[PDB]
Enquirer: 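Pasting a structure here, questions to come.
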Amino acid sequence: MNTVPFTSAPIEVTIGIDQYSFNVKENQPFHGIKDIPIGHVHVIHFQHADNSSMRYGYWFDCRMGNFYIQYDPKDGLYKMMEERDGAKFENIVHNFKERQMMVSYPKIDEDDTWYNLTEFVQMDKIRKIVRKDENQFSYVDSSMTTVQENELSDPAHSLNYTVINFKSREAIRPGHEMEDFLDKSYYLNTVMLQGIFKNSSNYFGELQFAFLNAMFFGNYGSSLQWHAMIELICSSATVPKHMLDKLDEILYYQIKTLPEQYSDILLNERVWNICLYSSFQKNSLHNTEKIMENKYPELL
Amino acid sequence: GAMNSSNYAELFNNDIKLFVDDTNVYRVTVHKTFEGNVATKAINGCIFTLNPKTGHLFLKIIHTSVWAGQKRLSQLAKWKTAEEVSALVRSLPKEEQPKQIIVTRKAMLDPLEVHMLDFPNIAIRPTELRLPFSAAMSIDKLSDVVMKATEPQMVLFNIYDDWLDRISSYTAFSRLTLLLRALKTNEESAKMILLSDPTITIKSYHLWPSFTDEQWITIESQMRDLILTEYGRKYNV
Ligand SMILES: O=C(O)c1cnn(Cc2ccccc2)c1
């Protein structure tokens with residue numbers, strides 16, 4: 001088990017840690033989050049009570065170091081920092097007075113939701129999408145644009161998702177225009193899987209990361225990426241069987257976790273009707289189809 | 001962006017542009033089989049690609065052999081159109097390539113965009129103009145060359161004859177669209193108006209009769225009257 005110590009909580013805020021959330025009042029005696037389970041990946045996110053603009057947060061792996069949160073009164077946000085001096089960290093985090101002012105990460109043992117949502121998400125790949133090499137953790141917020149979006153304006157503060165564009169030379173072999181536009185298997189299998197991602201795990205990992213950035217930060221370009229990566233698979237007549245079966249599971253848990261009142265902004269009606277009812281792989285998403293129809297029938 | 005009547009005169013500026021109409025590419029007759037069923041038979045078609053400023057028409061004849069052994073022909077026809085339009089653009093010198101291609105049917109947008117990926121600075125646009133280019137096959141010399149073709153074939157015409165010697169491109173396009181709208185509304189009557197004086201002939205190298213300026217004024221009024229008469233007949237006005 002791991003701990004995320006907070007020097008203080010000077011401004012009222014809603015704090016999320018993975019799929020959970022709680023509130024802290026202004027100047028409340030709050031010193032962080034304890035009892036966090038097995039952390040291949042985690043995310044801690046913030047939305048200020050006095051200004052819900054800019055949700056922001058940090059992706060991190062407890063194994064890559066000791067991470068704490070301190071409020072910066074100049075930049076006006078809660079900042080993640082790493083401590084190289086382990087003894088000092090161990091000392092602050094094991095102080096029983098400090099531990100009494102920490103909330104316990106609340107893991108029900110039956111629940112496997114967080115590793116179903118983040119299985120293919122790796123910090124090493126996050127840090128290539130979010131380029132800030134001097135830190136072991138990665139900042140994302142509601143307003144950050146994607147490289148692709150920028151190509152249609154600060155490249156340091158961008159989300160470097162893999163560019164997917166169905167009407168581009170990369171997607172369409174000369175001489176196969178109709179074939180490749182109507183059946184995206186070439187683009188999926190040769191260009192993306194064999195060429196860029198190298199395997200389906202890296203593909204699913206970026207898909208899951210994009211979904212979670214869309215849901216936790218309301219990041220629009222992330223939502224576009226999530227849907228694009230779904231549509232590329234569904235619009236391909238030839239997809240490995242294991243990949244289809246795994247996709248149904250991945251999407252089922254994303255739809256299950258999605259806030260009920262957020263569907264008008266996190267789900268693209270066009271894409272989901274195509275994937276579930278018209279695409280080559282319509283009949284390959286049985287579990288996702290069933291949860292969507294019963295949870296969100298209005299979109300369909 | 002979409003083309004319409006506010007930015008209408010833009011069609012006749014010096015940026016090269018082409019209209020593409022695909023409505024006569026895939027053409028069929030519908031008849032009854034021996035078992036009593038109904039069957040289609042394809043007939044030759046054409047792509048109508050027109051420069052509205054110069055009158056240059058690139059009539060690509062679509063021979064029925066291109067449909068043989070193919071499925072979903074109405075879908076294929078849009079991709080075939082796009083393939084031939086792209087090939088036309090590639091065959092032109094750069095200074096003759098269009099800056100915009102305007103498609104008369106929005107379903108042509110994605111096929112043409114995909115076939116035109118090598119030309120990222122050529123804008124592909126729909127239009128809100130209702131244009132009557134589907135009646136191109138009511139022009140006798142166009143229909144004749146399409147029906148006679150035994151192989152794929154490109155035929156070049158100036159659809160304005162010599163009109164630009166005397167009127168502007170704007171005015172020529174207006175005359176063209178009036179004539180074609182009349183032929184689309186009441187083809188036999190529009191054909192009658194144009195042939196009613198056998199002493200006003202069509203030159204061997206023209207499509208339309210050699211009307212004087214004053215005769216064109218009369219002809220245009222007769223075509224407007226034909227269109228208005230049909231409107232009243234249709235809506236009981
Ligand atoms: O630098 C470290 O090692 C470290 C550990 N915890 N913190 C935040 C914190 C400081 C003081 C009291 C409570 C929390 C910083």
Side-chain angles (χ1 to χ4, degrees), chain A residues 1-108 114-115 118 121-124 126-127 129-144 156-157 209 212-213 216-217:
Chain A
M1 317 296 285
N2 273 102
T3 305
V4 180
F6 269 57
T7 303
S8 64
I11 68 164
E12 195 156 306
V13 63
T14 306
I15 302 177
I17 177 73
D18 304 342
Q19 71 273 20
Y20 304 100
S21 55
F22 57 96
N23 303 318
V24 182
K25 297 298 185 304
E26 184 179 276
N27 283 317
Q28 182 185 322
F30 176 74
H31 295 293
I33 303 170
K34 60 179 221 135
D35 297 331
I36 315 183
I38 53 25
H40 103 250
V41 233
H42 300 274
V43 59
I44 189 173
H45 42 124
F46 303 91
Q47 193 166 25
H48 293 182
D50 74 352
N51 168 28
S52 306
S53 286
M54 199 186 36
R55 299 190 230 177
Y56 61 95
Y58 306 93
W59 292 88
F60 63 101
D61 167 13
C62 290
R63 304 177 290 175
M64 285 163 50
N66 310 297
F67 306 107
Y68 69 95
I69 288 295
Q70 183 159 310
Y71 183 74
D72 175 0
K74 182 178 175 97
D75 293 352
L77 70 172
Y78 288 101
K79 294 187 170 182
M80 183 164 280
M81 268 208 273
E82 193 196 349
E83 173 58 64
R84 8 178 272 162
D85 182 352
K88 180 177 168 173
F89 185 95
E90 283 152 21
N91 193 233
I92 291 168
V93 139
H94 293 310
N95 178 296
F96 71 72
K97 295 295 179 176
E98 288 298 344
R99 289 189 78 81
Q100 287 191 314
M101 299 186 156
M102 288 178 186
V103 302
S104 207
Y105 188 104
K107 161 171 201 245
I108 314 306
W114 187 237
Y115 174 107
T118 48
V121 181
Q122 305 309 316
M123 199 67 224
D124 76 293
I126 291 177
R127 295 179 71 214
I129 295 176
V130 190
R131 305 190 167 279
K132 195 140 195 285
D133 283 332
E134 64 266 30
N135 294 330
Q136 293 288 271
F137 53 85
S138 294
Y139 169 94
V140 179
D141 67 29
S142 310
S143 62
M144 278 168 47
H157 204 59
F209 185 58
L212 292 167
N213 287 329
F216 290 143
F217 305 115

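All ligand and atom numbering here is 1-based and tracks the order in the structure. Here is the naming used below: chain letters follow the sequence lines, and residue numbers restart at 1 for every chain. Just so it is clear, the values below take in all heavy atoms, side chains as well, and ignore hydrogens, waters and symmetry mates.
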Enquirer: Do A:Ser138 and A:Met123 pass the side chain to side chain contact (heavy atoms under 4.5 Å, CB included) test, and can you show the C-alpha distance, the side-chain angles, and the key distance before you say yes or no?
Expert: CA-CA 8 Å; A:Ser138 294; A:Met123 199 67 224; 3.3 Å; yes
Enquirer: Short list, please: which atoms of ligand 1 are under 4.0 Å from a heavy atom of A:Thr7?
Expert: 8 (C), 9 (C), 10 (C), 14 (C)
Enquirer: Backbone, side chain, both or neither: what part of A:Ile92 comes under 4.0 angstrom of ligand 1, heavy atoms only?
Expert: side chain
Enquirer: Short question: side chain of A:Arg55, backbone of A:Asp141 - any donor-acceptor pair under 3.5 Å?
Expert: no
Enquirer: From the options A:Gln28, A:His48, A:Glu26, select the one residue that forms a side chain to side chain contact (heavy atoms under 4.5 Å, CB included) with A:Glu12.
Expert: A:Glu26
Enquirer: After noting the C-alpha distance and the side-chain angles of A:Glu90 and A:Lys88, does the key distance pass the salt bridge (charged side-chain N to carboxylate O under 4.0 Å, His left out) rule?
Expert: CA-CA 6 Å; A:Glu90 283 152 21; A:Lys88 180 177 168 173; over 6 Å; no
Enquirer: In ligand 1, which numbered atoms sit nearer than 4.0 Å to a non-hydrogen atom of A:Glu83?
Expert: 1 (O), 2 (C), 3 (O)
Enquirer: Mind running side chain to side chain donor-acceptor pair (under 3.5 Å) on A:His31 and A:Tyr68 for me, showing each step along the way?
Expert: CA-CA 10 Å; A:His31 295 293; A:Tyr68 69 95; over 6 Å; no
Enquirer: Is there a side chain to side chain contact (heavy atoms under 4.5 Å, CB included) between A:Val4 and A:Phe60? Walk through the geometry before answering.
Expert: CA-CA 11 Å; A:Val4 180; A:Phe60 63 101; 4.0 Å; yes
Enquirer: With heavy atoms under 4.0 Å as the rule, classify the contact between A:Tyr68 and ligand 1 as side chain, backbone, both or neither.
Expert: side chain
Enquirer: May I ask you to identify, for A:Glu98, whether its side chain, its backbone, both or neither come under 4.0 Å of ligand 1 on a heavy-atom basis?
Expert: side chain
Enquirer: What's the shortest distance from atom 14 (C) of ligand 1 to any protein heavy atom, and which residue and atom give it?
Expert: A:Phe6 O, 3.2 Å
Enquirer: Using distance alone, decide if ligand 1 has a nitrogen or oxygen within less than 3.5 Å of any nitrogen or oxygen in A:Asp85.
Expert: no
